[PDB]
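Shown next, in structure tokens, is the structure this report addresses.
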Amino acid sequence: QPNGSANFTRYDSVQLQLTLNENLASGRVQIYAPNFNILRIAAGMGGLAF
Amino acid sequence: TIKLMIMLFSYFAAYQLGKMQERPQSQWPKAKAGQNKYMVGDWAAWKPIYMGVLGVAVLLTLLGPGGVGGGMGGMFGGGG
Amino acid sequence: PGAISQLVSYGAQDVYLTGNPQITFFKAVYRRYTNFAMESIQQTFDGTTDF
Amino acid sequence: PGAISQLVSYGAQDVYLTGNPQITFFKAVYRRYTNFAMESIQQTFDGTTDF
Amino acid sequence: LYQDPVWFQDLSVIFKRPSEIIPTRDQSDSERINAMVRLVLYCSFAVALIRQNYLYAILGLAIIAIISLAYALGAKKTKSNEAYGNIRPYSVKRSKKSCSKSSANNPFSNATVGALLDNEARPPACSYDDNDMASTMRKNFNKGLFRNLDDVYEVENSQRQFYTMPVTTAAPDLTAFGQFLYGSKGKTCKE
């Protein structure tokens, strides 16, 4: 059951600022963002709706 | 039959104590537990109504002085 | 800024989530229930309670 | 065979679970909710914040 | 906020939808006039049918016009039917509760300083959905303000921040609040 969402489709520009500790190795920050869509099925035909 | 017919209405006029009327305040909606009924609007369906609403909003904006700007410039006109 | 930015930047891809709302999460609803009370009552054994 | 056999071998004792049914577990339905968003906002202390 | 059922006056075509009411009881003044209209119409039409001279219906319509015109013109504006506090003694019959409708200077009827201006005693701004004042509120807010035409569920020009405050009168009406939390219970056990 949906309990709220951020519509990033209307966020013309988004940035995420990370203030890093002083003892980190060079490497990756992998950022994930689970989101919502609609599975759209009709008359035998599928596809995912935006 | 004048005296009688008027009295027939008079007798009935007295009697119907009470006043039936249309439901007041606000109408209400029931929510399925989430099985067995069709949503009010198809989820794919909901976005289109969004889109349908826009037709009206844009049409209003075809006359600048009558409302809110568009995506460029501006336009003039009037009625009669 | 804040929640306002999340609320105000309203698009199309959220119509099916918030248009014509059905549920307000902020309205607690509970149902009234049948009056009852519980008690622990000891029962006894008929016959020897042993191995 | 398999699930089909489990479906075909319909009896009497199972009517209480599937006869004249009300729900299908596999039809998701969700409610549209009032548009809301959450924000963490700092409040401050009136008076010293200490032991 | 106080709510009442729906009624209407003899204009339009209501005089047929809740038909077969003839004489007044526990009804609004508009409803009472409507009932008198029903009485006169049925009486005159029946009389015309009994004596086919085609003029008793004309006299019935004329007296309908007389009654409706009298009700329309002779209404006394000296009404202060405002409900608040513990007592509403002005009238006990059905009537429309007073509302402070939204205005150009005060789109949300928040009674910031309008109360001290002219009203002194300002009727509460009634519910958001009572008398289609939602459309009037939106129209008044969108007076002289331009939209970017990227929001057809307009939230971009900050509708949400603006709202009607819980109290719209000079006083919070604490008596009603207390009666809400603490019912009178009429005659109690200690009495």
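FYI, nothing fancy with the structure tokens labels: chains A, B, ... in order, residues from 1 per chain, ligands from 1 as they appear.
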
Using only C-alpha atoms, select each residue of chain B with any atom at most 6 Å away from an atom of chain C, and give the selection as a list in words. residues 43, 46 and 47 of chain B

Keeping only N, CA, C and O atoms, write the selected residues to a file as a PDB file, in the first residue's frame.
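Result file result_26.pdb:
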ATOM      1  N   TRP B  43      -5.796   3.108 -12.786  1.00  0.00           N
ATOM      2  CA  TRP B  43      -4.551   3.742 -12.369  1.00  0.00           C
ATOM      3  C   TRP B  43      -3.845   4.316 -13.585  1.00  0.00           C
ATOM      4  O   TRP B  43      -3.320   5.429 -13.547  1.00  0.00           O
ATOM      5  N   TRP B  46      -6.056   7.287 -14.412  1.00  0.00           N
ATOM      6  CA  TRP B  46      -5.967   8.520 -13.634  1.00  0.00           C
ATOM      7  C   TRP B  46      -5.113   9.603 -14.300  1.00  0.00           C
ATOM      8  O   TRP B  46      -5.465  10.782 -14.263  1.00  0.00           O
ATOM      9  N   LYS B  47      -3.996   9.207 -14.903  1.00  0.00           N
ATOM     10  CA  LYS B  47      -3.086  10.166 -15.527  1.00  0.00           C
ATOM     11  C   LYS B  47      -3.747  10.921 -16.681  1.00  0.00           C
ATOM     12  O   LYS B  47      -3.554  12.132 -16.828  1.00  0.00           O
TER      13      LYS B  47
END

Per residue of chain D within 12 Å of chain E, note the shortest atom pair and the distance in Å to one decimal, counting only C-alpha atoms, and order the rows by chain and increasing residue number, as JSON lines.
{"residue": "D:35", "atom": "CA", "partner": "E:160", "partner_atom": "CA", "distance": 10.8}
{"residue": "D:36", "atom": "CA", "partner": "E:160", "partner_atom": "CA", "distance": 10.6}
{"residue": "D:37", "atom": "CA", "partner": "E:160", "partner_atom": "CA", "distance": 12.0}

Write to file, as a PDB file, in the first residue's frame, the residues of the selection just made, with N, CA and C atoms.
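Generated file (out_31.pdb):
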ATOM      1  N   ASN D  35      -2.560  13.855  -0.516  1.00  0.00           N
ATOM      2  CA  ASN D  35      -1.180  14.272  -0.752  1.00  0.00           C
ATOM      3  C   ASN D  35      -0.583  14.865   0.495  1.00  0.00           C
ATOM      4  N   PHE D  36       0.516  14.268   0.945  1.00  0.00           N
ATOM      5  CA  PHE D  36       1.191  14.750   2.122  1.00  0.00           C
ATOM      6  C   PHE D  36       2.675  14.466   1.968  1.00  0.00           C
ATOM      7  N   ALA D  37       3.495  15.168   2.733  1.00  0.00           N
ATOM      8  CA  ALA D  37       4.928  14.906   2.745  1.00  0.00           C
ATOM      9  C   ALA D  37       5.495  15.158   4.131  1.00  0.00           C
TER      10      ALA D  37
END

Find the nearest atom pair between each residue of chain E and chain B for residues within 6 Å, count only C-alpha atoms, give distances in Å to one decimal, sort rows by chain and ascending number, and present the table as a tab-separated table.
residue	atom	partner	partner_atom	distance
E:5	CA	B:24	CA	4.7
E:6	CA	B:24	CA	5.3
E:22	CA	B:13	CA	4.7
E:23	CA	B:13	CA	5.5
E:146	CA	B:68	CA	4.9
E:147	CA	B:68	CA	5.2
E:149	CA	B:70	CA	5.8

Using only C-alpha atoms, which chain A residues lie at most 9 Å away from chain C, written as a list in words? residues 2, 3, 4, 5, 6, 7, 8, 9, 10, 11, 36, 37 and 50 of chain A

Exercise for review: Using only C-alpha atoms, select each residue of chain D with any atom at most 9 Å away from an atom of chain C, and give the selection as a list in words.
Suggested key: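 Result, ordered by chain then number: residues 30, 31, 32, 33, 34, 35, 36, 37, 38, 39, 40 and 41 of chain D.
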
Go ahead and dump the residues you just picked, C-alpha atoms, as a PDB file, in the first residue's frame.
ATOM      1  CA  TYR D  30      -4.687   0.223  -3.253  1.00  0.00           C
ATOM      2  CA  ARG D  31      -6.303   3.368  -1.986  1.00  0.00           C
ATOM      3  CA  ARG D  32      -5.544   6.828  -3.323  1.00  0.00           C
ATOM      4  CA  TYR D  33      -4.210   8.871  -0.398  1.00  0.00           C
ATOM      5  CA  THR D  34      -4.319  12.511   0.486  1.00  0.00           C
ATOM      6  CA  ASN D  35      -1.180  14.272  -0.752  1.00  0.00           C
ATOM      7  CA  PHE D  36       1.191  14.750   2.122  1.00  0.00           C
ATOM      8  CA  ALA D  37       4.928  14.906   2.745  1.00  0.00           C
ATOM      9  CA  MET D  38       7.165  14.678   5.813  1.00  0.00           C
ATOM     10  CA  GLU D  39       9.967  16.995   6.977  1.00  0.00           C
ATOM     11  CA  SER D  40      12.368  16.886   9.900  1.00  0.00           C
ATOM     12  CA  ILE D  41      12.328  20.313  11.519  1.00  0.00           C
TER      13      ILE D  41
END

Could you give me, as CSV, every chain A residue with an atom at most 8 Å from chain B, plus its closest atom pair and distance in Å to one decimal, counting only C-alpha atoms, rows ordered by chain then number?
residue,atom,partner,partner_atom,distance
A:38,CA,B:44,CA,6.8
A:40,CA,B:44,CA,6.9
A:49,CA,B:44,CA,7.3

The distance between CA of residue 60 (chain E) and CA of residue 24 (chain E) is 18.8 Å

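Between CA of residue 40 (chain E) and CA of residue 96 (chain E) the separation is 25.5 Å.
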
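The two atoms in question, CA of residue 174 (chain E) and CA of residue 113 (chain E), are spaced 20.5 Å apart.
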
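Take the candidates E:97, E:8, E:150, E:32 and check each one against chain A using only C-alpha atoms; the shortest distance goes to E:150.
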
List the spatial neighbours of residue 13 (chain E) as number ranges by chain - criterion: any atom at most 12 Å away, only C-alpha atoms, same-chain residues fewer than 4 positions off excluded.
E: 8-9, 17-19, 34, 37-38

List the spatial neighbours of residue 77 (chain B) as a PyMOL selection string - criterion: any atom at most 10 Å away, only C-alpha atoms, same-chain residues fewer than 3 positions off excluded. chain B and resi 62-66

Take the residues from that selection and write them out as a PDB file, in the first residue's frame, keeping N, CA, C and O atoms.
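And here is the file that came out, out.pdb:
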ATOM      1  N   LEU B  62      -5.588  30.880 -23.756  1.00  0.00           N
ATOM      2  CA  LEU B  62      -5.464  31.397 -25.094  1.00  0.00           C
ATOM      3  C   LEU B  62      -5.729  32.900 -25.097  1.00  0.00           C
ATOM      4  O   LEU B  62      -5.464  33.561 -26.099  1.00  0.00           O
ATOM      5  N   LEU B  63      -6.344  33.428 -24.027  1.00  0.00           N
ATOM      6  CA  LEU B  63      -6.521  34.866 -23.889  1.00  0.00           C
ATOM      7  C   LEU B  63      -5.735  35.364 -22.678  1.00  0.00           C
ATOM      8  O   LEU B  63      -6.204  35.252 -21.548  1.00  0.00           O
ATOM      9  N   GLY B  64      -4.571  35.968 -22.891  1.00  0.00           N
ATOM     10  CA  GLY B  64      -3.696  36.363 -21.793  1.00  0.00           C
ATOM     11  C   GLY B  64      -4.409  37.167 -20.710  1.00  0.00           C
ATOM     12  O   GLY B  64      -4.388  36.788 -19.543  1.00  0.00           O
ATOM     13  N   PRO B  65      -5.037  38.297 -21.064  1.00  0.00           N
ATOM     14  CA  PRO B  65      -5.742  39.202 -20.182  1.00  0.00           C
ATOM     15  C   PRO B  65      -6.901  38.552 -19.441  1.00  0.00           C
ATOM     16  O   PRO B  65      -7.367  39.088 -18.441  1.00  0.00           O
ATOM     17  N   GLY B  66      -7.306  37.377 -19.913  1.00  0.00           N
ATOM     18  CA  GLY B  66      -8.341  36.590 -19.271  1.00  0.00           C
ATOM     19  C   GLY B  66      -7.843  35.591 -18.238  1.00  0.00           C
ATOM     20  O   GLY B  66      -8.650  34.899 -17.617  1.00  0.00           O
TER      21      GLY B  66
END

Neighbours of residue 134 (chain E) within 12 Å (only C-alpha atoms; same-chain residues fewer than 3 positions away dropped), as an mmCIF file with N, CA and C atoms, in the first residue's frame?
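Wrote out-v6.cif, looks like this:
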data_model
loop_
_atom_site.group_PDB
_atom_site.id
_atom_site.type_symbol
_atom_site.label_atom_id
_atom_site.label_comp_id
_atom_site.auth_asym_id
_atom_site.auth_seq_id
_atom_site.Cartn_x
_atom_site.Cartn_y
_atom_site.Cartn_z
ATOM 1 N N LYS E 101 -19.118 35.239 4.286
ATOM 2 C CA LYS E 101 -18.623 34.782 3.000
ATOM 3 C C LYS E 101 -17.264 35.403 2.697
ATOM 4 N N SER E 102 -16.478 34.687 1.901
ATOM 5 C CA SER E 102 -15.161 35.161 1.515
ATOM 6 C C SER E 102 -15.280 36.449 0.703
ATOM 7 N N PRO E 107 -9.661 36.959 1.527
ATOM 8 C CA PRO E 107 -10.048 35.783 0.732
ATOM 9 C C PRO E 107 -10.441 34.578 1.564
ATOM 10 N N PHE E 108 -9.858 34.406 2.747
ATOM 11 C CA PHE E 108 -10.086 33.217 3.555
ATOM 12 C C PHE E 108 -10.930 33.492 4.792
ATOM 13 N N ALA E 125 -16.797 31.956 9.708
ATOM 14 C CA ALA E 125 -16.643 31.480 8.342
ATOM 15 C C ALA E 125 -16.941 29.989 8.280
ATOM 16 N N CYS E 126 -18.094 29.652 7.710
ATOM 17 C CA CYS E 126 -18.573 28.280 7.788
ATOM 18 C C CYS E 126 -17.787 27.365 6.856
ATOM 19 N N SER E 127 -18.220 26.107 6.791
ATOM 20 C CA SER E 127 -17.361 25.023 6.328
ATOM 21 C C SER E 127 -16.873 25.239 4.902
ATOM 22 N N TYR E 128 -15.778 24.551 4.569
ATOM 23 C CA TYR E 128 -15.152 24.688 3.259
ATOM 24 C C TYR E 128 -16.084 24.236 2.143
ATOM 25 N N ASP E 129 -17.031 23.352 2.456
ATOM 26 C CA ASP E 129 -17.874 22.747 1.433
ATOM 27 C C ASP E 129 -19.337 23.158 1.517
ATOM 28 N N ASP E 130 -19.693 24.088 2.407
ATOM 29 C CA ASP E 130 -21.107 24.370 2.644
ATOM 30 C C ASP E 130 -21.803 24.908 1.397
ATOM 31 N N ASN E 131 -21.423 26.101 0.944
ATOM 32 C CA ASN E 131 -22.159 26.796 -0.107
ATOM 33 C C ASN E 131 -21.294 27.120 -1.318
ATOM 34 N N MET E 137 -13.364 31.027 -3.069
ATOM 35 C CA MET E 137 -12.060 31.180 -2.434
ATOM 36 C C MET E 137 -10.935 31.037 -3.449
ATOM 37 N N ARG E 138 -11.017 30.020 -4.310
ATOM 38 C CA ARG E 138 -9.992 29.843 -5.332
ATOM 39 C C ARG E 138 -9.969 31.021 -6.298
ATOM 40 N N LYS E 139 -11.144 31.520 -6.683
ATOM 41 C CA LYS E 139 -11.201 32.671 -7.577
ATOM 42 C C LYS E 139 -10.590 33.904 -6.927
ATOM 43 N N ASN E 140 -10.887 34.130 -5.646
ATOM 44 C CA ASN E 140 -10.354 35.294 -4.952
ATOM 45 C C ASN E 140 -8.848 35.192 -4.758
ATOM 46 N N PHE E 141 -8.341 33.992 -4.474
ATOM 47 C CA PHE E 141 -6.899 33.808 -4.367
ATOM 48 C C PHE E 141 -6.222 34.065 -5.708
ATOM 49 N N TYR E 163 -4.838 29.065 4.475
ATOM 50 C CA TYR E 163 -5.966 28.265 4.929
ATOM 51 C C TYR E 163 -6.819 29.099 5.873
ATOM 52 N N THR E 164 -7.977 28.555 6.227
ATOM 53 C CA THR E 164 -8.854 29.180 7.205
ATOM 54 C C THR E 164 -8.455 28.760 8.614
#

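Secondary structure from DSSP on the backbone puts strand (DSSP E or B) at the following positions of chain A: residues 38, 39, 42, 45, 48 and 49 of chain A.
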
Give me, as number ranges by chain, all polymer residues having an atom no more than 12 Å from region 73-78 of chain E, counting only C-alpha atoms and skipping those fewer than 6 positions away in the same chain. E: 29-30, 65-67, 90

| request: Check chain D with DSSP on the backbone and list each residue it calls alpha helix (DSSP H), as a ChimeraX atom specification. | output: /D:2-8,15-18
